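Below are the chains, spelled out letter by letter.
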Amino acid sequence: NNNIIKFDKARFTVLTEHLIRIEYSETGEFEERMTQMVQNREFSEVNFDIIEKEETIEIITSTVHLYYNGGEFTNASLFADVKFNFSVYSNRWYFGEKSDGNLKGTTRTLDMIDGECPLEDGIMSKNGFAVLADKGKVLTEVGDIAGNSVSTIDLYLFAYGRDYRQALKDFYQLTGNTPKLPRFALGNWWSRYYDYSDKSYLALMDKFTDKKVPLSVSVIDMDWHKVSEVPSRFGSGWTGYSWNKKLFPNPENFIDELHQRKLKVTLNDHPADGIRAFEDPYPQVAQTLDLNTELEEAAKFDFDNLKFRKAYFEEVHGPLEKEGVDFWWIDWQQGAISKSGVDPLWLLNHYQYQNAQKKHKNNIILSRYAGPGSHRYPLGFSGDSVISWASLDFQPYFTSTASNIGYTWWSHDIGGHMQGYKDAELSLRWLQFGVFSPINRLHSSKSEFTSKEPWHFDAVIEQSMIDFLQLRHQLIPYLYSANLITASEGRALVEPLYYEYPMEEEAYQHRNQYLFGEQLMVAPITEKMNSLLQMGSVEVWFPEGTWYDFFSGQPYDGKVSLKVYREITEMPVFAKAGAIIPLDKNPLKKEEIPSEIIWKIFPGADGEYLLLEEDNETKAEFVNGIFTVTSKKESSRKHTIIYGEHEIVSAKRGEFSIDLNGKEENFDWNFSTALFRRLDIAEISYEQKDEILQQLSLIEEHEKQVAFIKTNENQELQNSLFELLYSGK
Amino acid sequence: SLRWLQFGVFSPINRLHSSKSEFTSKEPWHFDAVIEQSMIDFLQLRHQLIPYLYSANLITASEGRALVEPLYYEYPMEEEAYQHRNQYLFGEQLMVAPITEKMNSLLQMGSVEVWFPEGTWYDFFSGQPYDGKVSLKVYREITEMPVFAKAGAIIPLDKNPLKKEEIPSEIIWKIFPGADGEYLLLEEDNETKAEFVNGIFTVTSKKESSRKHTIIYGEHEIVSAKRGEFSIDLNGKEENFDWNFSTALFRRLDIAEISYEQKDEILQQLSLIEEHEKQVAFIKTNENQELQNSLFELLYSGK
Amino acid sequence: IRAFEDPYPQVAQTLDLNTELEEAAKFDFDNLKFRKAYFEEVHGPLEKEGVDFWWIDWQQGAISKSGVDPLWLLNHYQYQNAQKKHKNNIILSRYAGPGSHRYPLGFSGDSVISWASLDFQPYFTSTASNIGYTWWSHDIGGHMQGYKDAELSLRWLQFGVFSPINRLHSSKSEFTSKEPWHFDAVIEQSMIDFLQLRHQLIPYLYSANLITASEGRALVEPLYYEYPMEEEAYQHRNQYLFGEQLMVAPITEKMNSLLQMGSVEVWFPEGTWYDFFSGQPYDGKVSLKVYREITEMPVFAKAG
Ligand SMILES: OC[C@H]1O[C@H](O)[C@H](O)[C@@H](O)[C@@H]1O
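Criteria and cut-off values
- For each chain, numbering restarts from 1 and follows the sequence as written, which can differ from how the entry numbers it; residues lacking coordinates are not listed.
- By the order in which they are written, chains take letters starting at A while ligands take numbers starting at 1.
- Part of a larger assembly is what these chains represent; accordingly, every value refers to the shown part.
- Side-chain figures throughout are based on the complete set of non-hydrogen atoms in the structure, without hydrogens or water.
- Numbering of helices and strands runs from the N terminus; a helix is a DSSP stretch of H or I covering at least four residues, while a strand is a stretch of E covering at least two.
- Think of it in three bands: residues with accessible area under 20% of the maximum for their type are buried, residues over 50% are exposed, and the middle band is partly exposed, with areas taken using a 1.4 Å probe on protein chains only.
- Contact definition: two residues touch when any of their heavy atoms are within 4.5 Å.
- For the area figures, the Shrake-Rupley method with a 1.4 Å probe applies, and any residue is considered shielded solely by the protein chains shown.
- Here a salt bridge means any side-chain nitrogen of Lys or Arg lying within 4 Å of a carboxyl oxygen belonging to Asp or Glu.
- Two N or O atoms form a polar contact when they lie within 3.5 Å of each other; inside protein one atom must be a possible hydrogen donor and the other a possible acceptor, and for residues adjacent in sequence the pair counts only when both atoms belong to side chains.
- The residue classification treats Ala, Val, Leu, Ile, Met, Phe, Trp, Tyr, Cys and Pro as nonpolar and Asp, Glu, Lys and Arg as charged. All others, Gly included, are polar.
- Near, as used in this document, describes a residue that has one of its heavy atoms within 4 Å of the molecule or strand being considered.
- Candidate patch residues must exceed 30% relative accessible area and have no salt bridge, after which like charges are joined if within 9 Å and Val, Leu, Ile, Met, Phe, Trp or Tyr side chains if within 5 Å.
- Two strands qualify as a pair provided that DSSP identifies no fewer than 2 bridges between them.
- Fitted lines through C-alpha atoms serve as axes, helices being fitted only where they are in contact, and the angles separating the N-to-C directions of these axes extend from 0 to 180 degrees.
- Oblique is the label for any angle not under 35 degrees, not over 145, and not in the 65 to 115 range, which are roughly parallel, roughly antiparallel and roughly perpendicular in turn.
- Each crossing is labelled by how the near helix is turned from the far one, with a counterclockwise turn of less than a right angle marking it left-handed and a clockwise turn marking it right-handed.
- In this text, buried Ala, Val, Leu, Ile, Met, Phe, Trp, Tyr and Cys residues form a nonpolar core when linked through side-chain atoms within 4.5 Å.

Method of determination, as given in the entry header: X-ray crystallography; reported resolution: 2.000 Å.

Next up, the structure:
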């Protein structure tokens, strides 16, 4: 109320020093109701100043001057100067105009996208301000669409400068926090647009077990329902709510079998053709909606209609949930048209997410992005990406940049959805990224040739995919703790580099590089390997400090930008001196919570990690070479400790503390072994290999080893040898 | 024509000659003002070198040592002495690596890969230092030639190359710091020994004369036109040449036919990054491979 | 005028600003009180220190509550205010639409340093006469970004000397100075010769200036002003008349290294033409490719 100012037909609410709501009302009434985007305008009071005259008003905070000259909002009447110097003359917002500096957000979908597509703006800007227009409908108390806002213009001016994390936290306070995911969502999902039988699906699930690949989720795509069995007078088989009985003669029994294998089960739902007269639930729906059954009147999709939504959840989904379906894959691609003006995809995500909470605690959906605030309905489903290096090269940037509009749970089809071209190396690189993405869901097109099964590929590719898929389940504790941090504290699992390093120009120059939780920095390789090196590469920016390759221990002295090379089976993931990462020791075990945690410690500095769980909190501290583990509640959990290289403690129960000062701090990784391996795999001349090995062995001074490699005629081989010299310096 | 004259000046004989064409005269003023001035400077340098050449000539005749030696005469067991076909020793004090390839128009500089034997080497003209043993690509403007002297080198130069003198009335003793050395100047009617031993420079002759000696220690003229035999202490004289990384970096970026954004970024990053290994890591990311090599030469010399 | 500025206390008093809340005198050229404080209390003290005229350097858009382009208000009001301190005074500012020739000089701004930019500029300059904006001042040698090429800098200065205004300017780079001695001895001497030639041309330029002001004739004319019915007068975009006695065909392409010369296709109207510098003759009417060393520029005068 002191944070509220009316002037002419406008209303201004100073929510934080850095966040102002700006409204216009012809009627003099302004909007207090929630909207599709905004769930909460309750914020603690803040200091600001006002200069009010007859004709004009200026609102002044620590970061912004907002001016209003009266009348209708125009670029001339409503504008703001930030109190920052990030630019020479892009420090002014004008109503209705775009400025430079927006770091972007996300978009609905990657359907049919081969590589890059345009993104919407987010709330983050290098120049320190962004405007988020609220164009949505108002809600009722219980979250039904109520109609048009009486605030016919309703904007949020963000003026956080480059405090991106606080901008995002306050956005979550305005639009509501992301809910907690359930632990099962963070495991591997299996999916394929393939007409499995109950028998061939269970045989595939048992082959995953036999192949030592853990799964959390069993997706059944659209061939679960009638497709070619649909008479053409009704249109296509794309939408379906009736089991194909040939393939699934006893659905509940099939779902019981997946449940006995400790899998959660989801079905594809294409809702757009509604419930037509051939469907199994049609007689019930027709009775509830008073349809003309002798004229075979369809229950057309209509999520604006309360009776339709009830029949959809109770009489269409209800019978399938009773057969054991755990959650819904909402797969909408049929446009944004409704008589209400609300995007049907928005109505589906909002209502289905709420309905999912009835059957299961912290339940999810799987659906496309439905605009600002739709993070309240995880998980994101990016859809029909084209299978290409260009698509993979876009995806890490896409994923990290989405955190800028608070949409932090994108599930991409890992390996790409459709079209494009076969390349087992592309499939393996894509799975490496997926394992270090918010969700790891293997999925593919209707092709006989696009299965993401590891054993589709040669023995090298298969073993590497199996190792990465196991690593995903090892990461579930770290992922689930970051998930609770997203839900409780408004911090993204995947952050662009500029969230941690806002003032470092290099944090804006590595689009595909990101922080993954608080302990790991990932630089996926998204380019086909150089056949002369038998290695792929990516330019990595190393922030100030000592960094270790998470897998090898190879060290890097920051701050530096350095091209790094990896075999197709290895991924650039880095941890700082002092990093502590927990890993499940038993990733193949079907355990609700890990019976055994490996604490992986990176030497050379202090650190700590807080492991949040369903029913506990465990703190791991590393302070002057003393490692301590405590928990809120006690348990039988057995702790394993790995300090750099060496397993120090194995399966020790309860709370404890152990001194690692005089333990071996150094990893195995050495310049000589790594040099030999890189030269050995290279498809270069044996004379060159022999000369490089002899000269780098005989030349003692680091500066002369570098001078030697600088004479090499292969420019990319120079860069690979320079990486090793830089790490071995 | 200019690169060829640079080599000629550091060859056994410097004879300008050409065909019956109206278009092939080797007159310096045939060419533009830049080329003309550089040819005139090299042609004057040849006459400055006559004392050094004539002493090497008497050594050829009396001792059977060539003025021009392949690297493998001095370094028979070093494989790199067999891999620099155009590199040679010129007398006992100078090592020459002529540039014999058209300049890279993006750098406005020509280059040659130089093998530096064990020891500290100085560019004879600039003082730019090099720590041997190393093989390093070196870049020069078209007006400059890679000629190198070791720490301790003493080269005599005629001070009056334009004078029509039977023997020089005045010798400049050019001394390269950081080690002991000596040079014996053989002449028609004399022998003059120049010795540099724990920072003491001594000149003696077999016979006496009116000859006036000038001394240049690295950068600085220490003595001017002093007659007869003498000895002078250079220990607490300035040993370091002027050549510096910053000036050389600015000059290379300024002449380059590259983008001004690239110039600005390279100048700012190499000025702001303090650790030598990170300056090298920075230049290693450059998309221009030959510009990397040019910047690496400067970092190597400035290390 | 923000609270840290030296004239702020005076402006704040005149505009009744809240100084304890450090209320800015925001730019507002629609406002008579703002314009007066700007000319009297902001420019005024600098003019008393000796500033002769104003470089108005506006790049912040066309937004005003009046709907009048702020650049238009600046050029109209500053040009008028400049006449108080000096007779026939000028500004230096961007083009503000038809009629803004009343407020010379034009300032074209932040061109990219490239052969492509130089290749555009003569056409740009001559074509502007078609909306009566005859005093464009371009940054000679180009403003920013682009790439180093001493030959581009020399060709650009040749055009500049035969342009309405010869203003050397460049970016914040340590590497973009237009000083002649930045370049090698050949380039330096040629730049010095062209810069001296500009001052030799001042009588011819000042007489054409009075003709612009009294008779409405541009200094720089496209060929089709003199030769409206000749198809070739529409096919030499970079060729122009410079006053009434000279025809200029600048070279705006990098030299052919095999010839050590640049070239341009010149249309010679009916009559006998001489290269202004060399006397080399040409019998019109003909279209002919002409070659010059980097130090020489194609400028032609008729018999008489
Ligand atoms: O259900 C069949 C297909 O429908 C749509 O194209 C979905 O986006 C895709 O994920 C699915 O496999």
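Right, picking up where we left off after that structure.
Undergrad: Teacher, can you tell me more about the overall build of chain C here?
TA: When its secondary structure is counted, chain C shows eight helices and 14 strands. With respect to the principal axes defined by its C-alpha atoms, chain C has extents near 75 × 45 × 30 Å. Expressed as a percentage of the 304 residues in chain C, the buried residues total 49%. Excluding contacts between residues fewer than 6 apart, the proportion of contacts in chain C whose partners are at least 24 apart in sequence is 62%. For chain C, the exposed surface amounts to about 15,100 Å²; the carbon and sulfur share of it is 53%.

Undergrad: Just checking my understanding: could you explain the interface of chain C and chain B for this structure?
TA: For an interface, size is often stated in terms of accessible area lost upon the parts coming together. Tallying the contact residues gives 14 residues for chain C and 16 residues for chain B. Counting across the interface, chain C meets chain B through zero salt bridges. Taken together, chain C and chain B are joined by five residue pairs in polar contact. Residue composition of the side of chain C that touches chain B, grouped by class: five nonpolar, five polar and four charged.

Undergrad: Looking at this structure, I do not really get the site of the ligand. What am I missing?
TA: Residue and element names in this part refer to chain A. Surrounding the ligand, one finds 14 residues, the nearest of these being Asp-221, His-270, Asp-331, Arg-368 and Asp-384. In the environment of the ligand, an oxygen atom lies 3.2 Å from a nitrogen or oxygen atom belonging to the side chain of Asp-331. Separating an oxygen atom of the ligand from a side-chain N or O atom of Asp-384 is a distance of 2.8 Å. Bound to the protein, the ligand loses 97% of the 310 Å² it would expose on its own.

Undergrad: I would appreciate a short explanation of the pattern of salt bridges in the present structure.
TA: Pairs can form between side chains of opposite charge whenever their charged atoms are close. Residues and elements named next belong to chain A. Per the stated rule, a full pass over the model turns up 71 salt bridges over all chains. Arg-368 is the partner of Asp-331 in a salt bridge, and the nearest nitrogen-oxygen pair spans 2.9 Å. Here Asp-331, found in the loop between β16 (327–330) and α6 (344–359), pairs with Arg-368, found in the loop between β17 (365–366) and β18 (380–381); they are 37 residues apart in sequence, far enough to count as distant. The exposure class of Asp-331 is buried, given its relative accessible area of 6%.

Undergrad: Explain a nonpolar patch on the surface here, please?
TA: A contiguous nonpolar patch, built from B:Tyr72, B:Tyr73 and B:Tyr82 and spanning about 340 Å² of accessible area, is present on the exposed surface. Mapped onto the elements of the fold, B:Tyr82 is located in the loop between α4 (71–74) and β2 (88–90).

Undergrad: What am I meant to see in the sheet that holds strand β16 (residues 230–233) of chain B here?
TA: Remark on secondary structure: sheet strands pair via backbone hydrogen bonds, oriented parallel or antiparallel. Residues and elements named next belong to chain B. An order of β11-β12-β13-β16 is seen for the four strands of this open sheet, with the pairing classed as antiparallel. On the outer flanks of this sheet lie β11 (181–187) and β16, each paired with one strand and no other. The sheet shows a mean angle of 10° between the axes of neighbouring strands, taken without regard to direction.

Undergrad: Could you clarify how one ought to interpret the packing of helix α14 (residues 702–710) of chain A against helix α15 (residues 715–727) of chain A in this entry?
TA: Residues and elements named next belong to chain A. At a minimum axis separation of 9 Å, α14 and α15 run at an interaxial angle of 170°. In terms of orientation, α14 and α15 fall into the roughly antiparallel class. Together, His-702, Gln-705, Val-706, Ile-709 and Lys-710 of α14 and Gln-718, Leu-721, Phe-722, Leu-725 and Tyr-726 of α15 make up the contact between the two elements. Here the residues of the contact of α14 with α15 sort into six nonpolar, three polar and one charged.

Undergrad: Just checking my understanding: could you explain the packing of α14(A) against helix α8 (residues 289–301) of chain B for this structure?
TA: Two packed helices can be described by the angle between their axes and the distance between those axes. Contact geometry of α14(A) with α8(B) gives a least axis separation of 11 Å together with a crossing angle of 160°. What the angle tells us is that α14(A) and α8(B) run roughly antiparallel. The element α14(A) and its partner α8(B) pack so that their crossing is left-handed. Contacts between α14(A) and α8(B) pair A:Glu703, A:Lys704, A:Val706, A:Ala707 and A:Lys710 from the former with B:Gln292, B:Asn293, B:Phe296 and B:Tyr300 from the latter. Of the residues in the contact of α14(A) with α8(B), the class split is four nonpolar, two polar and three charged.

Undergrad: Mind showing me how you'd approach the nonpolar core here?
TA: One broad trend across soluble globular proteins is that nonpolar side chains are buried collectively. Ranked by size, the top nonpolar core spans 151 residues in total, and within it A:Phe542, B:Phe116, C:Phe162 and C:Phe242 carry the most contacts. No other element matches helix α5 (residues 150–161) of chain C, which puts seven residues into this core. Look past the residues within four positions of C:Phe162 in its chain and what remains in contact with it is C:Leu197, C:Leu201, C:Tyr240, C:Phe242, C:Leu246, C:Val248, C:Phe277, C:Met297 and C:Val299. By size, the runner-up hydrophobic cluster in this structure holds 130 residues, among which are A:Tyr282, A:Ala286, A:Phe308 and A:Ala370.

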